[PDB]
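Written below as structure tokens is the structure these notes are about.
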Amino acid sequence: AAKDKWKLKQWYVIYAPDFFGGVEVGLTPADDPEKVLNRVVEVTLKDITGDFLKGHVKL
RNA sequence: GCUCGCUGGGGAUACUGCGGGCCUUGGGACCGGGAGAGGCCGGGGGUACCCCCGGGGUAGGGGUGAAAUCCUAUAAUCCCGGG
Ligand SMILES: [Mg+2]
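Here it is as structure tokens:
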């Protein structure tokens, strides 16, 4: 019955804000699309633009 | 010699006292560029902790040398968004 509830979830793709390039940053599961609002994701500046100097900046 | 105590006169001016004059070293006043968790009043913040509401998840959490009381199917511990 529990695994039945897990099958109801779909995956959504998360994009960076517009002025950072709007690139893909990850995926998240949810059954109702309204529940995805106000979720927060943390990424490093190196992932956005590749350079091993700014790996300690978190957005 | 003792009753070391009193009293009439004369002399001296180093020290203490008293009166006058003149100083700046002790102390105080003022000006300059700086130092400091010294005090009082107003404003703005930092993490942390406790309670409440909403979403996920399901059987333990907590605590001791070892345990038990205690919290938890009215959904806890743990994770996320708010007050
Ligand atoms: Mg809940």
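Sequential numbering from 9 applies to the first sequence in the authors' numbering. Just so it is clear, CB atoms sit at the ideal spot from N, CA and C, and this is done for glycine as well.
Cα-Cα separation, residue i to residue j
i, j, result
"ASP55", "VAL21", "16 Å"
"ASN46", "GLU32", "17 Å"
"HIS64", "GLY58", "13 Å"
"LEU67", "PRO37", "21 Å"
"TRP19", "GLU50", "18 Å"
Write down every uninterrupted run of the beta strand (DSSP E) in the stretch 10–54 whose length is 3 residues or greater and which is fully enclosed by it, in chain order. 18–23 and 32–38
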